[PDB]
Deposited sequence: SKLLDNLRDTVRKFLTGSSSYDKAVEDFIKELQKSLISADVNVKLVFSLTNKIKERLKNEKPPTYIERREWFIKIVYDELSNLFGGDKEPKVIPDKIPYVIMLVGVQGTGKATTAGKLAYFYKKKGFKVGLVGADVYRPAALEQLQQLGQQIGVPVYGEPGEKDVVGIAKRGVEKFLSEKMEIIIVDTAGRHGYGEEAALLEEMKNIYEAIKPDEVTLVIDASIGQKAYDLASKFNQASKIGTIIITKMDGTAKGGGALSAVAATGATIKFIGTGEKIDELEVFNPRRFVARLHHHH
């Protein structure tokens, strides 16, 4: 989406036709690209109308070209569409810190532990995603690869029992950050039951933070789950993964941003270090035409 917007911006800036037509052409392409990115049409409509409004009430400051000013407003609103200028708190000031990852069926846990280990923390991983049999093995592999301890119980399906014993074990070893990987028995469209199912695990572990992992490929359909999730607790955060393996990342981000939830990290690639702290302003700044 942003890479495509980059070319649209370029065509706009290289003053080809009349200003008015240039703007019209640009807005149509923006609308089309956003639609293609699975952004809710209502959000697309509101975004372009807000851009057009600001453009009529805010003349360019002196010395600033009209076309440069237009784009500046476009970048500002794109950032807003994704949540606005906001830098999340990624370094906990409470040790030990227990993070419970949750989400629908279908690396993030390993990436998160890697992120914190690189920051100098003593991390412990708990593999409590029993539904997926390969999950535990995979986790143990990531853990071995990054030098982070992984607790797990082969064949065990009592997710709550695993999480409790795992957290208890790491708390005893005086780990600083403990990440519990869990999944869920439901998918998108069954949010009510999904969240319900989360409660039991949460009560047994009493995590300091609950992080809902969302695959960017779900696009705008992530709205319902994110909305109910964020209202469900005061300690909830979200991670959007596989942003590069889909064209619907814009829809997922905008859908989640529409709930006001805190998107702390975004998963870019499949590599262990491909997890970045997310800030809509910085996310949108990557494609600025002046660098």
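Counting the deposited sequence from 1, the stretches lacking C-alpha coordinates are 1 to 2, 109 to 112.
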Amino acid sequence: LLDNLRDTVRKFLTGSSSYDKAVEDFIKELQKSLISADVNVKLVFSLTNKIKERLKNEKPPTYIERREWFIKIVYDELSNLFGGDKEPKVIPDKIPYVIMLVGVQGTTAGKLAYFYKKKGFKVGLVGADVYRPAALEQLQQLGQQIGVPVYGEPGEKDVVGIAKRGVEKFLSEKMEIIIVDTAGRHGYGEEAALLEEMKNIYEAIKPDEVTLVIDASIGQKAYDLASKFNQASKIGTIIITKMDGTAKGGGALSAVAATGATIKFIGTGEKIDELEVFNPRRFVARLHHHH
From here on, numbers count along this sequence of modelled residues.
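Higher mean CA temperature factor between 191 to 199 and 216 to 224: 191 to 199, per the PDB entry. With 55 to 63 and 22 to 30 compared on mean CA B-factor from the PDB entry, the stretch scoring higher is 55 to 63. You'll see in the entry that, of 79, 182, 107, 211, the Cα B factor peaks at 107. The PDB entry assigns the greatest CA B-factor among 248, 234, 50, 264 to 234. Sorting the modelled residues of the chain by their CA temperature factor places residue 282 in the lowest third. Residue 168: CA B factor in the middle third of modelled residues in this chain (values from the PDB entry). When the CA B factors of the chain's modelled residues are split into thirds, the value for residue 176 lands in the lowest one. Ranked within its chain, residue 204 lands in the highest third, by CA B factor from the PDB record. Ranked by Cα temperature factor within the chain, residue 127 sits in the lowest third according to the deposited record.
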